[PDB]
file upload20.pdb (PDB, C-alpha atoms)
ATOM      1  CA  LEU I 143     -44.735  24.506 -59.557  1.00  0.00           C
ATOM      2  CA  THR I 144     -43.980  27.768 -61.357  1.00  0.00           C
ATOM      3  CA  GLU I 145     -43.180  30.982 -59.495  1.00  0.00           C
ATOM      4  CA  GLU I 146     -46.561  32.428 -60.430  1.00  0.00           C
ATOM      5  CA  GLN I 147     -48.355  29.364 -59.043  1.00  0.00           C
ATOM      6  CA  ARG I 148     -46.274  29.827 -55.925  1.00  0.00           C
ATOM      7  CA  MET I 149     -47.118  33.513 -55.613  1.00  0.00           C
ATOM      8  CA  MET I 150     -50.738  32.518 -56.211  1.00  0.00           C
ATOM      9  CA  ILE I 151     -50.915  30.129 -53.247  1.00  0.00           C
ATOM     10  CA  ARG I 152     -49.078  32.649 -51.075  1.00  0.00           C
ATOM     11  CA  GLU I 153     -51.497  35.450 -51.898  1.00  0.00           C
ATOM     12  CA  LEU I 154     -54.295  32.991 -51.065  1.00  0.00           C
ATOM     13  CA  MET I 155     -52.683  31.706 -47.875  1.00  0.00           C
ATOM     14  CA  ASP I 156     -51.906  35.219 -46.746  1.00  0.00           C
ATOM     15  CA  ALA I 157     -55.561  36.199 -47.281  1.00  0.00           C
ATOM     16  CA  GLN I 158     -56.679  33.134 -45.318  1.00  0.00           C
ATOM     17  CA  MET I 159     -54.607  33.623 -42.172  1.00  0.00           C
ATOM     18  CA  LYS I 160     -55.521  37.315 -42.118  1.00  0.00           C
ATOM     19  CA  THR I 161     -59.284  36.798 -42.366  1.00  0.00           C
ATOM     20  CA  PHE I 162     -59.811  33.389 -40.772  1.00  0.00           C
ATOM     21  CA  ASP I 163     -60.206  33.535 -36.996  1.00  0.00           C
ATOM     22  CA  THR I 164     -59.704  29.770 -36.488  1.00  0.00           C
ATOM     23  CA  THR I 165     -60.363  30.140 -32.739  1.00  0.00           C
ATOM     24  CA  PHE I 166     -63.470  32.360 -33.094  1.00  0.00           C
ATOM     25  CA  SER I 167     -61.982  34.799 -30.580  1.00  0.00           C
ATOM     26  CA  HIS I 168     -63.950  37.763 -31.930  1.00  0.00           C
ATOM     27  CA  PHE I 169     -67.251  35.932 -31.964  1.00  0.00           C
ATOM     28  CA  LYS I 170     -69.212  37.276 -28.991  1.00  0.00           C
ATOM     29  CA  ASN I 171     -72.436  39.135 -28.183  1.00  0.00           C
ATOM     30  CA  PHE I 172     -74.311  36.374 -30.026  1.00  0.00           C
ATOM     31  CA  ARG I 173     -77.834  35.148 -29.253  1.00  0.00           C
ATOM     32  CA  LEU I 174     -78.468  31.906 -27.367  1.00  0.00           C
ATOM     33  CA  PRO I 175     -81.573  29.696 -27.279  1.00  0.00           C
ATOM     34  CA  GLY I 176     -83.066  31.188 -24.121  1.00  0.00           C
ATOM     35  CA  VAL I 177     -84.813  28.309 -22.310  1.00  0.00           C
ATOM     36  CA  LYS I 210     -80.655  18.097 -33.762  1.00  0.00           C
ATOM     37  CA  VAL I 211     -77.468  19.865 -32.644  1.00  0.00           C
ATOM     38  CA  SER I 212     -75.836  19.976 -29.196  1.00  0.00           C
ATOM     39  CA  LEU I 213     -74.200  23.264 -28.221  1.00  0.00           C
ATOM     40  CA  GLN I 214     -71.221  23.606 -25.847  1.00  0.00           C
ATOM     41  CA  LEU I 215     -69.783  26.867 -24.546  1.00  0.00           C
ATOM     42  CA  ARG I 216     -66.482  26.540 -22.664  1.00  0.00           C
ATOM     43  CA  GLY I 217     -65.657  29.523 -20.472  1.00  0.00           C
ATOM     44  CA  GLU I 218     -62.170  30.904 -19.876  1.00  0.00           C
ATOM     45  CA  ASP I 219     -62.813  30.406 -16.173  1.00  0.00           C
ATOM     46  CA  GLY I 220     -63.380  26.723 -16.808  1.00  0.00           C
ATOM     47  CA  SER I 221     -67.162  26.730 -16.651  1.00  0.00           C
ATOM     48  CA  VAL I 222     -69.131  24.864 -19.286  1.00  0.00           C
ATOM     49  CA  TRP I 223     -72.569  25.599 -20.718  1.00  0.00           C
ATOM     50  CA  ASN I 224     -74.207  22.728 -22.616  1.00  0.00           C
ATOM     51  CA  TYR I 225     -77.427  22.843 -24.605  1.00  0.00           C
ATOM     52  CA  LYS I 226     -79.627  19.882 -25.467  1.00  0.00           C
ATOM     53  CA  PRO I 227     -82.230  20.699 -28.170  1.00  0.00           C
ATOM     54  CA  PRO I 228     -85.976  19.919 -27.758  1.00  0.00           C
ATOM     55  CA  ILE I 236     -87.975  24.505 -33.040  1.00  0.00           C
ATOM     56  CA  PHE I 237     -86.744  27.932 -34.236  1.00  0.00           C
ATOM     57  CA  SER I 238     -84.728  28.296 -31.029  1.00  0.00           C
ATOM     58  CA  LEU I 239     -81.371  27.992 -32.761  1.00  0.00           C
ATOM     59  CA  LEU I 240     -82.075  30.238 -35.745  1.00  0.00           C
ATOM     60  CA  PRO I 241     -81.102  33.486 -33.962  1.00  0.00           C
ATOM     61  CA  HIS I 242     -77.783  32.039 -32.771  1.00  0.00           C
ATOM     62  CA  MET I 243     -77.075  30.277 -36.049  1.00  0.00           C
ATOM     63  CA  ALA I 244     -77.799  33.619 -37.806  1.00  0.00           C
ATOM     64  CA  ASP I 245     -75.109  35.273 -35.637  1.00  0.00           C
ATOM     65  CA  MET I 246     -72.557  32.572 -36.470  1.00  0.00           C
ATOM     66  CA  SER I 247     -73.361  32.975 -40.150  1.00  0.00           C
ATOM     67  CA  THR I 248     -72.871  36.741 -40.166  1.00  0.00           C
ATOM     68  CA  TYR I 249     -69.572  36.314 -38.307  1.00  0.00           C
ATOM     69  CA  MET I 250     -68.459  33.682 -40.800  1.00  0.00           C
ATOM     70  CA  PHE I 251     -69.714  35.632 -43.783  1.00  0.00           C
ATOM     71  CA  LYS I 252     -67.769  38.682 -42.693  1.00  0.00           C
ATOM     72  CA  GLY I 253     -64.631  36.529 -42.776  1.00  0.00           C
ATOM     73  CA  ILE I 254     -65.415  35.360 -46.321  1.00  0.00           C
ATOM     74  CA  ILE I 255     -65.874  38.936 -47.566  1.00  0.00           C
ATOM     75  CA  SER I 256     -62.613  40.060 -46.015  1.00  0.00           C
ATOM     76  CA  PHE I 257     -60.960  37.083 -47.622  1.00  0.00           C
ATOM     77  CA  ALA I 258     -62.139  37.994 -51.101  1.00  0.00           C
ATOM     78  CA  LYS I 259     -61.411  41.732 -50.739  1.00  0.00           C
ATOM     79  CA  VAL I 260     -57.766  41.130 -49.715  1.00  0.00           C
ATOM     80  CA  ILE I 261     -57.165  39.034 -52.860  1.00  0.00           C
ATOM     81  CA  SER I 262     -55.669  40.916 -55.802  1.00  0.00           C
ATOM     82  CA  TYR I 263     -57.381  38.782 -58.459  1.00  0.00           C
ATOM     83  CA  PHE I 264     -60.623  39.759 -56.744  1.00  0.00           C
ATOM     84  CA  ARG I 265     -60.001  43.489 -56.256  1.00  0.00           C
ATOM     85  CA  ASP I 266     -59.026  43.873 -59.916  1.00  0.00           C
ATOM     86  CA  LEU I 267     -62.637  42.951 -60.720  1.00  0.00           C
ATOM     87  CA  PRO I 268     -65.437  45.513 -61.138  1.00  0.00           C
ATOM     88  CA  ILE I 269     -67.455  46.096 -57.938  1.00  0.00           C
ATOM     89  CA  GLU I 270     -70.537  44.605 -59.623  1.00  0.00           C
ATOM     90  CA  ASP I 271     -68.658  41.354 -60.255  1.00  0.00           C
ATOM     91  CA  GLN I 272     -67.291  41.297 -56.721  1.00  0.00           C
ATOM     92  CA  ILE I 273     -70.834  41.435 -55.382  1.00  0.00           C
ATOM     93  CA  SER I 274     -72.224  38.862 -57.819  1.00  0.00           C
ATOM     94  CA  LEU I 275     -69.383  36.423 -57.023  1.00  0.00           C
ATOM     95  CA  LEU I 276     -69.498  36.960 -53.257  1.00  0.00           C
ATOM     96  CA  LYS I 277     -73.225  36.183 -53.177  1.00  0.00           C
ATOM     97  CA  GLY I 278     -72.747  32.955 -55.125  1.00  0.00           C
ATOM     98  CA  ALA I 279     -69.783  31.595 -53.184  1.00  0.00           C
ATOM     99  CA  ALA I 280     -70.590  33.052 -49.727  1.00  0.00           C
ATOM    100  CA  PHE I 281     -72.236  29.885 -48.372  1.00  0.00           C
ATOM    101  CA  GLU I 282     -69.731  27.546 -50.117  1.00  0.00           C
ATOM    102  CA  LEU I 283     -66.672  29.273 -48.640  1.00  0.00           C
ATOM    103  CA  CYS I 284     -68.266  29.106 -45.172  1.00  0.00           C
ATOM    104  CA  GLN I 285     -68.707  25.355 -45.547  1.00  0.00           C
ATOM    105  CA  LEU I 286     -65.172  24.850 -46.820  1.00  0.00           C
ATOM    106  CA  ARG I 287     -64.046  26.775 -43.751  1.00  0.00           C
ATOM    107  CA  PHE I 288     -66.278  24.950 -41.272  1.00  0.00           C
ATOM    108  CA  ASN I 289     -64.761  21.713 -42.545  1.00  0.00           C
ATOM    109  CA  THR I 290     -61.312  22.611 -41.217  1.00  0.00           C
ATOM    110  CA  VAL I 291     -62.785  22.870 -37.693  1.00  0.00           C
ATOM    111  CA  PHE I 292     -64.879  19.717 -38.184  1.00  0.00           C
ATOM    112  CA  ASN I 293     -63.987  16.678 -36.101  1.00  0.00           C
ATOM    113  CA  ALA I 294     -65.222  13.637 -38.057  1.00  0.00           C
ATOM    114  CA  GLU I 295     -64.228  11.378 -35.137  1.00  0.00           C
ATOM    115  CA  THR I 296     -66.604  12.957 -32.632  1.00  0.00           C
ATOM    116  CA  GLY I 297     -68.835  14.461 -35.315  1.00  0.00           C
ATOM    117  CA  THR I 298     -68.537  18.000 -33.951  1.00  0.00           C
ATOM    118  CA  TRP I 299     -67.514  21.444 -35.174  1.00  0.00           C
ATOM    119  CA  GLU I 300     -64.958  22.746 -32.680  1.00  0.00           C
ATOM    120  CA  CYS I 301     -65.286  26.494 -33.137  1.00  0.00           C
ATOM    121  CA  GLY I 302     -62.959  27.738 -30.400  1.00  0.00           C
ATOM    122  CA  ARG I 303     -64.910  28.106 -27.162  1.00  0.00           C
ATOM    123  CA  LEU I 304     -68.085  26.957 -28.970  1.00  0.00           C
ATOM    124  CA  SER I 305     -68.892  23.413 -30.077  1.00  0.00           C
ATOM    125  CA  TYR I 306     -71.592  21.973 -32.345  1.00  0.00           C
ATOM    126  CA  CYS I 307     -72.204  18.261 -31.809  1.00  0.00           C
ATOM    127  CA  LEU I 308     -74.828  15.951 -33.367  1.00  0.00           C
ATOM    128  CA  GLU I 309     -77.537  13.855 -31.717  1.00  0.00           C
ATOM    129  CA  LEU I 318     -77.786   9.424 -40.624  1.00  0.00           C
ATOM    130  CA  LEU I 319     -75.258  10.841 -43.105  1.00  0.00           C
ATOM    131  CA  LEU I 320     -78.116  10.718 -45.586  1.00  0.00           C
ATOM    132  CA  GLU I 321     -77.953  14.490 -45.290  1.00  0.00           C
ATOM    133  CA  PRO I 322     -75.979  16.089 -48.178  1.00  0.00           C
ATOM    134  CA  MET I 323     -74.625  18.597 -45.660  1.00  0.00           C
ATOM    135  CA  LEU I 324     -73.115  16.047 -43.268  1.00  0.00           C
ATOM    136  CA  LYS I 325     -72.046  13.626 -45.978  1.00  0.00           C
ATOM    137  CA  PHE I 326     -70.166  16.519 -47.591  1.00  0.00           C
ATOM    138  CA  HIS I 327     -68.271  17.390 -44.416  1.00  0.00           C
ATOM    139  CA  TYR I 328     -67.366  13.760 -43.732  1.00  0.00           C
ATOM    140  CA  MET I 329     -66.277  13.003 -47.287  1.00  0.00           C
ATOM    141  CA  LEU I 330     -64.213  16.180 -47.598  1.00  0.00           C
ATOM    142  CA  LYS I 331     -62.580  15.523 -44.215  1.00  0.00           C
ATOM    143  CA  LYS I 332     -61.626  11.979 -45.262  1.00  0.00           C
ATOM    144  CA  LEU I 333     -59.527  13.457 -48.085  1.00  0.00           C
ATOM    145  CA  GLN I 334     -57.231  14.992 -45.434  1.00  0.00           C
ATOM    146  CA  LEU I 335     -56.283  18.086 -47.411  1.00  0.00           C
ATOM    147  CA  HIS I 336     -53.580  20.641 -46.596  1.00  0.00           C
ATOM    148  CA  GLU I 337     -54.323  24.279 -45.893  1.00  0.00           C
ATOM    149  CA  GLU I 338     -53.091  25.156 -49.402  1.00  0.00           C
ATOM    150  CA  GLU I 339     -55.665  22.791 -50.942  1.00  0.00           C
ATOM    151  CA  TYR I 340     -58.520  24.299 -48.940  1.00  0.00           C
ATOM    152  CA  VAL I 341     -57.805  27.953 -49.872  1.00  0.00           C
ATOM    153  CA  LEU I 342     -57.516  26.887 -53.509  1.00  0.00           C
ATOM    154  CA  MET I 343     -60.974  25.265 -53.225  1.00  0.00           C
ATOM    155  CA  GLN I 344     -62.240  28.574 -51.891  1.00  0.00           C
ATOM    156  CA  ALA I 345     -60.639  30.399 -54.827  1.00  0.00           C
ATOM    157  CA  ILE I 346     -62.190  28.124 -57.469  1.00  0.00           C
ATOM    158  CA  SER I 347     -65.573  28.460 -55.731  1.00  0.00           C
ATOM    159  CA  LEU I 348     -65.332  32.276 -55.368  1.00  0.00           C
ATOM    160  CA  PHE I 349     -64.252  32.776 -58.967  1.00  0.00           C
ATOM    161  CA  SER I 350     -67.052  30.848 -60.654  1.00  0.00           C
ATOM    162  CA  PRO I 351     -67.922  32.445 -64.017  1.00  0.00           C
ATOM    163  CA  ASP I 352     -71.318  30.723 -64.020  1.00  0.00           C
ATOM    164  CA  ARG I 353     -72.661  32.733 -61.076  1.00  0.00           C
ATOM    165  CA  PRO I 354     -75.964  34.427 -62.016  1.00  0.00           C
ATOM    166  CA  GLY I 355     -74.946  38.085 -62.377  1.00  0.00           C
ATOM    167  CA  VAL I 356     -71.279  37.965 -63.388  1.00  0.00           C
ATOM    168  CA  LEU I 357     -70.273  40.381 -66.167  1.00  0.00           C
ATOM    169  CA  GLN I 358     -66.563  39.636 -66.689  1.00  0.00           C
ATOM    170  CA  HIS I 359     -67.367  35.919 -66.905  1.00  0.00           C
ATOM    171  CA  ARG I 360     -64.501  35.635 -69.387  1.00  0.00           C
ATOM    172  CA  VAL I 361     -61.949  37.018 -66.902  1.00  0.00           C
ATOM    173  CA  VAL I 362     -63.418  35.087 -63.980  1.00  0.00           C
ATOM    174  CA  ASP I 363     -63.266  31.961 -66.131  1.00  0.00           C
ATOM    175  CA  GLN I 364     -59.570  32.348 -66.922  1.00  0.00           C
ATOM    176  CA  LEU I 365     -58.841  32.962 -63.247  1.00  0.00           C
ATOM    177  CA  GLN I 366     -60.784  29.925 -62.080  1.00  0.00           C
ATOM    178  CA  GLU I 367     -58.742  27.840 -64.517  1.00  0.00           C
ATOM    179  CA  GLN I 368     -55.403  29.205 -63.253  1.00  0.00           C
ATOM    180  CA  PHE I 369     -56.568  28.262 -59.725  1.00  0.00           C
ATOM    181  CA  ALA I 370     -57.623  24.738 -60.788  1.00  0.00           C
ATOM    182  CA  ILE I 371     -54.307  24.211 -62.579  1.00  0.00           C
ATOM    183  CA  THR I 372     -52.291  25.417 -59.559  1.00  0.00           C
ATOM    184  CA  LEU I 373     -54.212  22.961 -57.364  1.00  0.00           C
ATOM    185  CA  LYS I 374     -53.601  20.144 -59.811  1.00  0.00           C
ATOM    186  CA  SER I 375     -49.907  20.972 -60.076  1.00  0.00           C
ATOM    187  CA  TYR I 376     -49.569  21.376 -56.310  1.00  0.00           C
ATOM    188  CA  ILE I 377     -51.089  17.903 -55.816  1.00  0.00           C
ATOM    189  CA  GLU I 378     -48.924  16.140 -58.396  1.00  0.00           C
ATOM    190  CA  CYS I 379     -45.863  17.764 -56.831  1.00  0.00           C
ATOM    191  CA  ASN I 380     -46.585  17.185 -53.125  1.00  0.00           C
ATOM    192  CA  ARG I 381     -48.786  14.078 -52.939  1.00  0.00           C
ATOM    193  CA  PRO I 382     -47.283  11.097 -54.881  1.00  0.00           C
ATOM    194  CA  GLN I 383     -48.881   8.472 -52.599  1.00  0.00           C
ATOM    195  CA  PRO I 384     -51.130   5.942 -54.430  1.00  0.00           C
ATOM    196  CA  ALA I 385     -53.889   6.995 -52.030  1.00  0.00           C
ATOM    197  CA  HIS I 386     -53.754  10.555 -53.383  1.00  0.00           C
ATOM    198  CA  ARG I 387     -54.380   9.341 -56.922  1.00  0.00           C
ATOM    199  CA  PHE I 388     -57.235  11.214 -58.564  1.00  0.00           C
ATOM    200  CA  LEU I 389     -57.233  13.582 -55.579  1.00  0.00           C
ATOM    201  CA  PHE I 390     -57.577  16.671 -57.831  1.00  0.00           C
ATOM    202  CA  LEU I 391     -60.607  15.169 -59.566  1.00  0.00           C
ATOM    203  CA  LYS I 392     -62.137  14.156 -56.194  1.00  0.00           C
ATOM    204  CA  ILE I 393     -61.831  17.770 -55.053  1.00  0.00           C
ATOM    205  CA  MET I 394     -63.465  19.071 -58.233  1.00  0.00           C
ATOM    206  CA  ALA I 395     -66.385  16.669 -57.742  1.00  0.00           C
ATOM    207  CA  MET I 396     -66.846  17.866 -54.111  1.00  0.00           C
ATOM    208  CA  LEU I 397     -67.026  21.489 -55.331  1.00  0.00           C
ATOM    209  CA  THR I 398     -69.743  20.454 -57.797  1.00  0.00           C
ATOM    210  CA  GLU I 399     -71.524  18.797 -54.855  1.00  0.00           C
ATOM    211  CA  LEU I 400     -71.083  21.923 -52.817  1.00  0.00           C
ATOM    212  CA  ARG I 401     -72.582  23.959 -55.688  1.00  0.00           C
ATOM    213  CA  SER I 402     -75.551  21.600 -55.608  1.00  0.00           C
ATOM    214  CA  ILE I 403     -75.855  21.713 -51.800  1.00  0.00           C
ATOM    215  CA  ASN I 404     -75.522  25.521 -51.920  1.00  0.00           C
ATOM    216  CA  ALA I 405     -78.296  25.973 -54.503  1.00  0.00           C
ATOM    217  CA  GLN I 406     -80.412  23.581 -52.428  1.00  0.00           C
ATOM    218  CA  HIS I 407     -79.760  25.452 -49.185  1.00  0.00           C
ATOM    219  CA  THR I 408     -80.757  28.867 -50.563  1.00  0.00           C
ATOM    220  CA  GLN I 409     -84.226  27.599 -51.447  1.00  0.00           C
ATOM    221  CA  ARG I 410     -84.688  26.002 -48.044  1.00  0.00           C
ATOM    222  CA  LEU I 411     -83.430  29.113 -46.220  1.00  0.00           C
ATOM    223  CA  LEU I 412     -85.824  31.335 -48.177  1.00  0.00           C
ATOM    224  CA  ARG I 413     -88.657  28.985 -47.220  1.00  0.00           C
ATOM    225  CA  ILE I 414     -87.832  29.562 -43.540  1.00  0.00           C
ATOM    226  CA  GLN I 415     -87.407  33.337 -43.985  1.00  0.00           C
ATOM    227  CA  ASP I 416     -90.876  33.197 -45.528  1.00  0.00           C
ATOM    228  CA  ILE I 417     -92.356  31.758 -42.323  1.00  0.00           C
ATOM    229  CA  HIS I 418     -90.094  32.912 -39.498  1.00  0.00           C
ATOM    230  CA  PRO I 419     -87.853  35.897 -40.456  1.00  0.00           C
ATOM    231  CA  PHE I 420     -84.388  35.528 -38.886  1.00  0.00           C
ATOM    232  CA  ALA I 421     -81.986  36.737 -41.592  1.00  0.00           C
ATOM    233  CA  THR I 422     -79.694  39.551 -40.512  1.00  0.00           C
ATOM    234  CA  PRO I 423     -79.071  42.602 -42.734  1.00  0.00           C
ATOM    235  CA  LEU I 424     -75.909  40.934 -44.092  1.00  0.00           C
ATOM    236  CA  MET I 425     -77.693  37.642 -44.741  1.00  0.00           C
ATOM    237  CA  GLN I 426     -80.305  39.661 -46.629  1.00  0.00           C
ATOM    238  CA  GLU I 427     -77.721  41.397 -48.815  1.00  0.00           C
ATOM    239  CA  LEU I 428     -76.397  37.955 -49.768  1.00  0.00           C
ATOM    240  CA  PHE I 429     -79.610  35.948 -50.230  1.00  0.00           C
ATOM    241  CA  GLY I 430     -81.467  38.956 -51.633  1.00  0.00           C
ATOM    242  CA  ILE I 431     -84.212  39.517 -49.049  1.00  0.00           C
TER     243      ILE I 431
END

call {"tool": "encode", "arguments": {"input": "upload20.pdb", "output": "structure tokens"}}
result
Amino acid sequence: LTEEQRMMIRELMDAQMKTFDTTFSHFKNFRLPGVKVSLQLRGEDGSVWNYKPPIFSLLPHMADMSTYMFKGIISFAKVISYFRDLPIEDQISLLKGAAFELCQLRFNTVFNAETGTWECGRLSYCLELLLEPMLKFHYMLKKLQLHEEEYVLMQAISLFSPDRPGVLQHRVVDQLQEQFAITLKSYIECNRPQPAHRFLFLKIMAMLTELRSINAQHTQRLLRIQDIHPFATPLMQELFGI
């Protein structure tokens, strides 16, 4: 790995730890389904609130988690030099295209494939299959057992996609995305020699293509819900254009 590739991962890792509240400590004041996902809420005192689903009862809450997560993704991008050196218009166009993808890549780090639950600090999202592109993605990506460096690089590649509808400096964004892909490839060939990690780089690139597919599929479905039962917050509207 060259010094630049090293300074690249560091700038990415530094942006991650600064904007990723892995314990969801600042996530409060969120809506709950006032009386297929189980919801657990561990209290500091030791009390536990569990929710067993019965159908738009979880949209409000889920909308609060999204906004909280989205805010982390925006802060991540804005603290990255390669991102700030881009025209505001391109920052917005890129953020709207990767927003969901980066949230998923992040949710995967707190995903427990064993128990099939997202341990988000005090909160917990358990299931009640795998034919769902969403769940299959989380399980497959988890199986790869990636390092933190490999996750932030996946976020970089995703964020700096030149093919996002609205990008102007698609030439600059394209060169950046390539420098990020190369760094990931070099990092893998220099830290993971095990025969099991063969073709790892290409497996990661296929997952991102899957994520791009899942993302484009989600948007449509979310807009179909917003068309029937509005739930999107102001921030979710700025991103999905509503």

call {"tool": "residues_around", "arguments": {"input": "upload20.pdb", "residues": "residue 269 of chain I", "least_positions_apart": "6", "cutoff": "12 Å", "atoms": "all atoms listed in the file", "output": "ChimeraX atom specification"}}
result
/I:258-259,275-276,355-358

call {"tool": "closest_atom_pairs", "arguments": {"input": "upload20.pdb", "of": "segment 355-404 of chain I", "to": "segment 308-337 of chain I", "cutoff": "9 Å", "atoms": "only C-alpha atoms", "output": "Markdown table"}}
result
| residue | atom | partner | partner_atom | distance |
| --- | --- | --- | --- | --- |
| I:386 | CA | I:333 | CA | 8.4 |
| I:389 | CA | I:333 | CA | 7.8 |
| I:392 | CA | I:333 | CA | 8.5 |
| I:393 | CA | I:330 | CA | 8.0 |
| I:396 | CA | I:330 | CA | 7.2 |
| I:399 | CA | I:326 | CA | 7.7 |
| I:400 | CA | I:326 | CA | 7.6 |
| I:403 | CA | I:322 | CA | 6.7 |

call {"tool": "resolve_selection", "arguments": {"input": "upload20.pdb", "expression": "the PyMOL selection byres ((chain I and resi 216) around 12)", "output": "ChimeraX atom specification"}}
result
/I:213-215,217-225,300-306

call {"tool": "write_last_selection", "arguments": {"input": "upload20.pdb", "atoms": "C-alpha atoms", "output": "CSV table (one decimal), keeping the file's coordinate frame"}}
result
chain,number,residue,atom,x,y,z
I,213,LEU,CA,-74.2,23.3,-28.2
I,214,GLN,CA,-71.2,23.6,-25.8
I,215,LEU,CA,-69.8,26.9,-24.5
I,217,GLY,CA,-65.7,29.5,-20.5
I,218,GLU,CA,-62.2,30.9,-19.9
I,219,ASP,CA,-62.8,30.4,-16.2
I,220,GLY,CA,-63.4,26.7,-16.8
I,221,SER,CA,-67.2,26.7,-16.7
I,222,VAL,CA,-69.1,24.9,-19.3
I,223,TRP,CA,-72.6,25.6,-20.7
I,224,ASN,CA,-74.2,22.7,-22.6
I,225,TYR,CA,-77.4,22.8,-24.6
I,300,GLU,CA,-65.0,22.7,-32.7
I,301,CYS,CA,-65.3,26.5,-33.1
I,302,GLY,CA,-63.0,27.7,-30.4
I,303,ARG,CA,-64.9,28.1,-27.2
I,304,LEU,CA,-68.1,27.0,-29.0
I,305,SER,CA,-68.9,23.4,-30.1
I,306,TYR,CA,-71.6,22.0,-32.3

call {"tool": "resolve_selection", "arguments": {"input": "upload20.pdb", "expression": "the PyMOL selection byres ((chain I and resi 348) around 7)", "output": "JSON list (two decimals) with C-alpha atoms, keeping the file's coordinate frame"}}
result
[["chain", "number", "residue", "atom", "x", "y", "z"],
["I", 275, "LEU", "CA", -69.38, 36.42, -57.02],
["I", 276, "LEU", "CA", -69.50, 36.96, -53.26],
["I", 279, "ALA", "CA", -69.78, 31.60, -53.18],
["I", 344, "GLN", "CA", -62.24, 28.57, -51.89],
["I", 345, "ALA", "CA", -60.64, 30.40, -54.83],
["I", 346, "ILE", "CA", -62.19, 28.12, -57.47],
["I", 347, "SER", "CA", -65.57, 28.46, -55.73],
["I", 349, "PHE", "CA", -64.25, 32.78, -58.97],
["I", 350, "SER", "CA", -67.05, 30.85, -60.65]]

call {"tool": "closest_residue", "arguments": {"input": "upload20.pdb", "among": "I:147, I:380, I:260, I:291", "to": "residue 166 of chain I", "atoms": "only C-alpha atoms"}}
result
I:291

call {"tool": "atom_distance", "arguments": {"input": "upload20.pdb", "atom1": "atom CA of residue 339 of chain I", "atom2": "atom CA of residue 374 of chain I"}}
result
9.5 Å

call {"tool": "resolve_selection", "arguments": {"input": "upload20.pdb", "expression": "the PyMOL selection byres ((chain I and resi 163) around 12)", "output": "count of residues only"}}
result
26

call {"tool": "residues_around", "arguments": {"input": "upload20.pdb", "residues": "residue 377 of chain I", "least_positions_apart": "4", "cutoff": "7 Å", "atoms": "only C-alpha atoms", "output": "VMD selection string"}}
result
chain I and resid 373 381 390

call {"tool": "closest_residue", "arguments": {"input": "upload20.pdb", "among": "I:292, I:144, I:237, I:382", "to": "residue 417 of chain I", "atoms": "all atoms listed in the file"}}
result
I:237

call {"tool": "atom_distance", "arguments": {"input": "upload20.pdb", "atom1": "atom CA of residue 362 of chain I", "atom2": "atom CA of residue 426 of chain I"}}
result
24.6 Å

call {"tool": "atom_distance", "arguments": {"input": "upload20.pdb", "atom1": "atom CA of residue 401 of chain I", "atom2": "atom CA of residue 281 of chain I"}}
result
9.4 Å

call {"tool": "residues_around", "arguments": {"input": "upload20.pdb", "residues": "residue 359 of chain I", "least_positions_apart": "6", "cutoff": "10 Å", "atoms": "all atoms listed in the file", "output": "PyMOL selection string"}}
result
chain I and resi 271+349-353+365

call {"tool": "closest_residue", "arguments": {"input": "upload20.pdb", "among": "I:294, I:143, I:255, I:343", "to": "residue 395 of chain I", "atoms": "all atoms listed in the file"}}
result
I:343

call {"tool": "closest_residue", "arguments": {"input": "upload20.pdb", "among": "I:378, I:282, I:245, I:240", "to": "residue 407 of chain I", "atoms": "all atoms listed in the file"}}
result
I:282

call {"tool": "closest_residue", "arguments": {"input": "upload20.pdb", "among": "I:340, I:429, I:172, I:388", "to": "residue 239 of chain I", "atoms": "only C-alpha atoms"}}
result
I:172

call {"tool": "residues_around", "arguments": {"input": "upload20.pdb", "residues": "residue 173 of chain I", "least_positions_apart": "3", "cutoff": "9 Å", "atoms": "all atoms listed in the file", "output": "PDB file with C-alpha atoms, keeping the file's coordinate frame"}}
result
ATOM      1  CA  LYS I 170     -69.212  37.276 -28.991  1.00  0.00           C
ATOM      2  CA  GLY I 176     -83.066  31.188 -24.121  1.00  0.00           C
ATOM      3  CA  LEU I 239     -81.371  27.992 -32.761  1.00  0.00           C
ATOM      4  CA  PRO I 241     -81.102  33.486 -33.962  1.00  0.00           C
ATOM      5  CA  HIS I 242     -77.783  32.039 -32.771  1.00  0.00           C
ATOM      6  CA  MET I 243     -77.075  30.277 -36.049  1.00  0.00           C
ATOM      7  CA  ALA I 244     -77.799  33.619 -37.806  1.00  0.00           C
ATOM      8  CA  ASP I 245     -75.109  35.273 -35.637  1.00  0.00           C
TER       9      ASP I 245
END

call {"tool": "residues_around", "arguments": {"input": "upload20.pdb", "residues": "segment 409-415 of chain I", "least_positions_apart": "5", "cutoff": "9 Å", "atoms": "all atoms listed in the file", "output": "list in words"}}
result
residues 404, 420, 421, 429 and 431 of chain I

call {"tool": "axis_aligned_box", "arguments": {"input": "upload20.pdb", "around": "segment 144-153 of chain I", "padding_each_side": "6 Å", "output": "AutoDock Vina command-line options"}}
result
--center_x -47.3 --center_y 31.6 --center_z -56.2 --size_x 20.3 --size_y 19.7 --size_z 22.3
